[PDB]
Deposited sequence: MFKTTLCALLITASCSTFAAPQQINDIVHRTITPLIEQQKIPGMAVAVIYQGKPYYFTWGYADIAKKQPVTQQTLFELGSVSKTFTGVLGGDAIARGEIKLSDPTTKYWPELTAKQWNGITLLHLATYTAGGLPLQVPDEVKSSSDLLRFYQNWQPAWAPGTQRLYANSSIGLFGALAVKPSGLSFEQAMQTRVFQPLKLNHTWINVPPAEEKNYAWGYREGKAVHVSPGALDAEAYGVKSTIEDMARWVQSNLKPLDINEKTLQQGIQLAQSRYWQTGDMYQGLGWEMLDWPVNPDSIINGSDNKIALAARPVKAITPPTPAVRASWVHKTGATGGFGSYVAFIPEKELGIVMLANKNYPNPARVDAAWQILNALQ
């Protein structure tokens, strides 16, 4: 570990725990292509089990970047098209409000203001059909951006239907395995239970709860080494041997919509690098934003700040990287603390190694 990286990581990271009371953090940094791992604290304060590089954290929203890439994959394979209407992959959806609503709307949170969360009373396929059949859009499609789980959750449920495989099974055979992410799981098995860290909310130990469309939007738990390999894949997609997966990544970093100084992609968010720090810091705080369509979707711009946040009841996660300098940083922790603290911390560390 070079002294510069080590120093700045510690002098930036240690106060964050001290101020945010975070039980355990894993922090990986990618510099000139080489990863570096750092840990702090305890994975299980009750069983005095620490946080290691094989300790699993619930990624939460950062699962949506996985769900994006897995769709772009099927775009490359020709099984699904980003322009088709929703009803072509779901004929039983006989509601007239869905007319005009493509899969780009489903993916980039521009479907007309679909709810941010899937209701807890929705458990069976029939309940899910009625939920989306009775929903009525706030706005026209393609006009306003409302971040939502249920919009992206359905995109990833429908993006694998022609291929005949479950979403877990597609994910594993088409992204997880080929990239040698062997410790990232949708459903944690008993064998890895020991690596599973408990989240702490309000002092109480908590894990992610089963839900409708939960794998598709916030069901992906992973380890700090697999996040490092995943960032390394997203830095430079040309080294992936599989041509559909490379294209799937490259599509995921494509700018489909623009709102303020941010761009919407397939699970990721892009910013023209260099960026004003304070602007994006207030942009990462927790609403209805309207978007100016980019015709046509821009291809992946190397000199971009590509980032995404992930939050769960008991965990917080942040991933950011800049292709142009071959730099990146990921933070994962078993307490959901404010996102602008993550972002401030990423910005200082990355600016120092820049």
Wait, which stretches of the deposited chain are just not there in the structure?
1-19, 306-309
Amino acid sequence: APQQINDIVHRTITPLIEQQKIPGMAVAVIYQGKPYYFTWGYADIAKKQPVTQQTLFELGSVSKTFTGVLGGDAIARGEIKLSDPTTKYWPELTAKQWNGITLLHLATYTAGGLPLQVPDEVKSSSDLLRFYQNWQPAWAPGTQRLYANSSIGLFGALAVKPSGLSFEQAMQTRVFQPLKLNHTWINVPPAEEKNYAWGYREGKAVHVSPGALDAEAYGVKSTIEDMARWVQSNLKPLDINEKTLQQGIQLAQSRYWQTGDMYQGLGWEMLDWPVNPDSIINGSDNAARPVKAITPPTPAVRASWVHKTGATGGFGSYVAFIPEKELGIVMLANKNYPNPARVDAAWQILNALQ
From here on, numbers count along this sequence of modelled residues.
Can you let me know which of the two, 213-221 or 142-150, has the higher average C-alpha B-factor in the entry?
213-221
Can you tell me which stretch has the higher mean Cα B-factor, 78-86 or 116-124?
116-124
Have a look at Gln172, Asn234, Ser163, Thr184 and flag the one whose Cα has the highest B-factor in the entry.
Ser163
Options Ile294, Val29, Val51, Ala288 - largest CA temperature factor per the record:
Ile294
Tertile call for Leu353 (CA temperature factor, within chain, third-based) is the highest
Looking at the C-alpha B-factor of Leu271, is it in the lowest, middle or highest third of its chain?
highest
How does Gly60 rank on Cα B-factor within its chain, lowest, middle or highest third?
highest
Place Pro299 in the lowest, middle or highest third of its chain's C-alpha B-factors, as listed in the PDB entry.
highest
What third of its chain, lowest, middle or highest, does the C-alpha temperature factor of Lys21 fall into?
lowest
